[PDB]
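All remarks here apply to the structure that follows.
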Amino acid sequence: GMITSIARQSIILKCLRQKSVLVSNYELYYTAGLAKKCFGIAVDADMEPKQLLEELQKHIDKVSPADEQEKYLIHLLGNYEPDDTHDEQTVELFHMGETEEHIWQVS
């Protein structure tokens, strides 16, 4: 039921507006993917939610963002308490983030 387009658009709008925080694991996995792409942090779709966040948090604060949207990714990843959701859609969202071909462009 449209979880993938919703999560992508939500994260793009948050980074463009520089408002709000992560509110779901669907958003977390997409955001994690973008961090892999933009910052090269060694995360993968198969990591569990807290594991994924721990790996990102070991390095996100040392990253030098290229623009305001990447700077907002650091804000998103430093302020979230994940639930146990790690389904087929969280995995696809991670892959969508890491391979993002239209970064910061809403549909």
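How things are named: the first chain in the structure tokens is A, the next is B, and so on; residues count from 1 in each chain; ligands count from 1 in the order shown.
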
- Message: If we count only C-alpha atoms and set the cut-off at 10 Å, which residues sit around residue 22 in chain A, ignoring sequence neighbours fewer than 4 positions away in its own chain? Please answer as a list in words.
- Response: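 Once the adjacent positions are removed, what remains is residues 7, 10, 11, 14, 26, 27, 28, 31, 73, 75, 76, 77, 78, 79, 80, 81 and 82 of chain A.
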
- If you run DSSP on the backbone, which residues of chain A are helix (DSSP H, G or I), as a PyMOL selection string? chain A and resi 3-17+25-39+49-62+68-78+88-98

- Message: I'd like to know which of A:25, A:18, A:5, A:36 is closest to residue 98 in chain A, using only C-alpha atoms.
- Response: A:36

- Message: Taking only C-alpha atoms into account, name the residue in A:29, A:74, A:16, A:56 that is nearest to residue 4 in chain A.
- Response: A:29

- Atom-to-atom span, CA of residue 99 in chain A and CA of residue 43 in chain A, Å: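 Pair CA of residue 99 in chain A / CA of residue 43 in chain A returns 13.3 Å.
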
- Counting only C-alpha atoms, the residue of A:92, A:85, A:72, A:12 that sits nearest residue 45 in chain A: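 Nearest to residue 45 in chain A: A:92.
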
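The coordinates place CA of residue 15 in chain A at 13.5 Å from CA of residue 38 in chain A.
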
- Length of the CA of residue 30 in chain A to CA of residue 93 in chain A vector [Å]: 4.6 Å

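Distance check against residue 59 in chain A using only C-alpha atoms: of A:42, A:1, A:95, A:107, the minimum falls on A:42.
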